[PDB]
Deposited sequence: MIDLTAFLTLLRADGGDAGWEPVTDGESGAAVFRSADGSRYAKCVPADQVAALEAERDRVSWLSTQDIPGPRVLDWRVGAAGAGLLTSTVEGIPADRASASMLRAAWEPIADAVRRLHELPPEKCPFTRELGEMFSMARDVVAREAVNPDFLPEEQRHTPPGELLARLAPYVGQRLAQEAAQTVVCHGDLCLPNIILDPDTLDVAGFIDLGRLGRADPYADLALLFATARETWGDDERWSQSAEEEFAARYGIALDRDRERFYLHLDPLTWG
């Protein structure tokens, strides 16, 4: 299922006894922890190339993220090698730790969302993402582990149908308020400095591009709620506070649309 023999061949090609090992189209890490690679089969190479481009371009935008170390291709696919963003993935933070980071994350994400969207070479706009969802749902390829708990036992065709009639309205809201989004702004993709709890950088950038800011905020808030836990009241305060620091007035219906669409878009 995972082409370790092809991928390794790519990674080992420059020698130097690096001790590449799989850590998940797989992700590998060097023995010394200083480099990662993402590798994909032949069929997915354009998608990985577009990720490479996103990472390379973001390095010219003064937004903290990895550097592209190498791009390697062969008959059995491609690999994208990047520098480690050192620190602790935000999903691994305790509540207290995530509270230390919370205003720094709002600042960092605000900076990303302040890039001029019409200057971004990349897009993850809704017409693209909705089309992807139609495809995944047609292929019966939705992973229910990604859905909201209360949706996991509903057929994804039904779940797509709940969203389908809102696409026009949501496109009009996206036109009105487009930003450059991270594109998968779940807590594991925000690395924290383990001493100051400022943001060290962003990782997993293959969906970077124009979209409604809620394509990012929906994921960030939902995944932070895994940390904040049973505390419904702190979770709402936390989101209001985030919204005030970041500079947006919460639109819950729009946030929910993005939360409910995202899972349908993977596979």
_Missing segments of the deposited chain sequence, listed N- to C-terminal_ = 25 to 29
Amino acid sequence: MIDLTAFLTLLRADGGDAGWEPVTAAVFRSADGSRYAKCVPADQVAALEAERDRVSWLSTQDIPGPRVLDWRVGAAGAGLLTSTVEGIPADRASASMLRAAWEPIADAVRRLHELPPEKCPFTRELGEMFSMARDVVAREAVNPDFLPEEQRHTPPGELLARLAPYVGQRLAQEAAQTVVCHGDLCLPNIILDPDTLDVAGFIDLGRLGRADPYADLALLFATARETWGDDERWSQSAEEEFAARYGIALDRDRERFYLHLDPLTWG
From here on, numbers count along this sequence of modelled residues.
_Using only C-alpha atoms and the B-factors in the entry, which stretch averages higher, 168 to 176 or 155 to 163?_
155 to 163
*Select between 231 to 239 and 201 to 209 the stretch whose C-alpha atoms have the higher average B-factor in the entry.*
231 to 239
_In terms of recorded Cα temperature factor, pick the maximum from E149, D193, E114, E125._
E149
*Looking at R139, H182, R110, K119, which has the highest CA B-factor as recorded?*
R139
*Looking at the C-alpha B-factor of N189, is it in the lowest, middle or highest third of its chain?*
lowest
*By the record's CA B-factor, is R67 among the lowest, middle or highest third of residues in the chain?*
middle
*By the record's CA B-factor, is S96 among the lowest, middle or highest third of residues in the chain?*
middle
*asked:* For the chain shown, is the CA B-factor of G79 in the lowest, middle or highest third of its modelled residues?
replied: lowest
*Determine, from the deposited record, the chain-internal third of the Cα B-factor for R29: lowest, middle or highest.*
highest
